[PDB]
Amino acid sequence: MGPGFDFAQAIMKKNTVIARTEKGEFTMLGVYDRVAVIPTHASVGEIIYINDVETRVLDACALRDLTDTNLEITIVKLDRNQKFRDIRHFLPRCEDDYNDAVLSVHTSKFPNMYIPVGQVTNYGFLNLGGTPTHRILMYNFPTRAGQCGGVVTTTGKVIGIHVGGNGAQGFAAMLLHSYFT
């Protein structure tokens, strides 16, 4: 409907796949080559389904900060026959607050879903499902089950992936350029 939705759509149409684990179906953001991200609660194993095709996992790393605190991002390298468009130049270099973000989801349950979430706070610490988690972004939108792995964008930047909510607020794990060197 506007330039924010334009940027979000451009990312969704080229840089997402539907990932299925034993814990559910998730929006999955491809970043470059065969490297993608997913929330760590997806519990990626040795095999994952990508757009309903059985795919070997070549590597999976659940990221933690240098305080040894959960970040809720898993970086996955996929044994896929096709590379993602390289979008690492859209990743922020530092922790930050944002205006006028969009959360975009594409699954069987919610195809072609876009949500204008407004202001995004650098929230920092969150007890996420009982797990201390750092680098959390917050937005004041009542997100629901099915939106985990959703991509959070502003015009020009891919800033996070949705990892939870409390009924009134939604929470995303930051994406930083330094995770994908």
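Heads up: residue numbers just count along the shown sequence, starting at 1.
- [ ] Decide which of the stretches 98-106 and 83-91 has the higher mean C-alpha B-factor, going by the entry.
- [x] Between 98-106 and 83-91, it is 98-106 that shows the higher mean C-alpha B-factor.
Task: Mean C-alpha temperature factor, higher of 20-28 and 164-172 - done: Mean CA B-factor is higher for 164-172.
Open item on the list: Looking at the C-alpha B-factor values in the deposited entry, which of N51, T153, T55, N140 comes out highest?
Closed with: Largest recorded C-alpha B-factor: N140.
- [ ] State the tercile, meaning the lowest, middle or highest third, of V35 with respect to the CA B-factors recorded for its chain.
- [x] CA B-factor rank for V35: lowest third.
TODO: Consider only the C-alpha atoms of the modelled residues in this chain, order them by B-factor as the entry records it, and name the third containing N70: lowest, middle or highest.
DONE: Lowest third.
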